[PDB]
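Worksheet for the structure shown next.
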Amino acid sequence: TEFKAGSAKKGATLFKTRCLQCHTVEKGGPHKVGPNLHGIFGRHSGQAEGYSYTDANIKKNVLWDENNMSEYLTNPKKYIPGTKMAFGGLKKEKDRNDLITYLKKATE
Ligand code: HEC
Ligand SMILES: Nc1ccc(O)cc1
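If you want it as structure tokens, here you go:
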């Protein structure tokens, strides 16, 4: 909502020690505890190339956009009840703002 542009060398440090544990930022790493995120921008929820999703994440079909990605990041359990992502949710919007720029740079 109060988005502010970041830089690749900042968002990566966070994602690499917060999201890396289960996910993959590029398309060379096999699907770990979480699906591949490389190319989600512009697609609906539940579209990983070779990985299954929950009954609630599919029915949800959220169009992963710049602001929308934060909507779910703040609380995955509240938006998608029953989802496998048990990461906790990064409540601080200023902190996600920079994270979006990094992923955004990797997808486009
Ligand atoms: C492992 C415990 C996880 C951590 C840490 C993070 N995520 Fe996650 N995420 C995980 C799973 C297993 C799933 C699928 C949920 C299901 O029930 O099927 C997800 C999904 C997402 C998605 C949506 C993918 C899609 O719908 O195609 C996004 C955009 C996403 N996760 C982002 C994300 C970020 C940026 C994280 C760090 C803050 C993060 N996840 C950590 C498991 C895990
Ligand atoms: N629609 C959209 C949103 C965010 C991105 O990083 C790319 C494309």
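Just so we're aligned: the sequence shown equals residues -5 to -1, 1 to 103 in the deposited numbering. Cβ atoms here follow ideal geometry from the backbone N, Cα and C, with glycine treated the same way.
Item, Value
"With a CB to CB cut of under 7 Å and the five nearest residues on each side skipped, what residues in its chain are close to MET64?", "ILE95"
"Return the CA-CA distance between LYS99 and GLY6, expressed in angstroms with no decimal places.", "10 Å"
"Under the rule that 16 or more other beta-carbon atoms within 10 Å means buried, what is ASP93, buried or exposed?", "buried"
"Please tell me whether, using a cut-off of 6 Å, the distance from the CB of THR102 to the nearest non-hydrogen atom of ligand 1 is below it.", "no"
"Use the C-beta contact count for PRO76: other C-beta atoms within 10 angstroms, 16 or more gives buried, fewer gives exposed.", "exposed"
"Closest by CA to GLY83, which one among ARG91, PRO71, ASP90 and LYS89?", "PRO71"
"Excluding the 5 residues preceding and the 5 following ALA43 in the sequence, name in chain order all residues of the same chain whose CB lies nearer than 7 Å to its CB.", "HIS26, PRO30 and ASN31"
"Given a cut-off of 7 Å, decide if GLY37 and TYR48 are closer than it, judged by their beta-carbon atoms.", "no"
"Which same chain residues end up closer than 6 Å to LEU9 when comparing Cβ atoms and leaving out the 5 residues on each side of it in sequence?", "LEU94"
"Closer than 7 Å by C-beta to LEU58: which residues in its own chain qualify, once you throw out the five before and the five after it? Chain order, please.", "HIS39"
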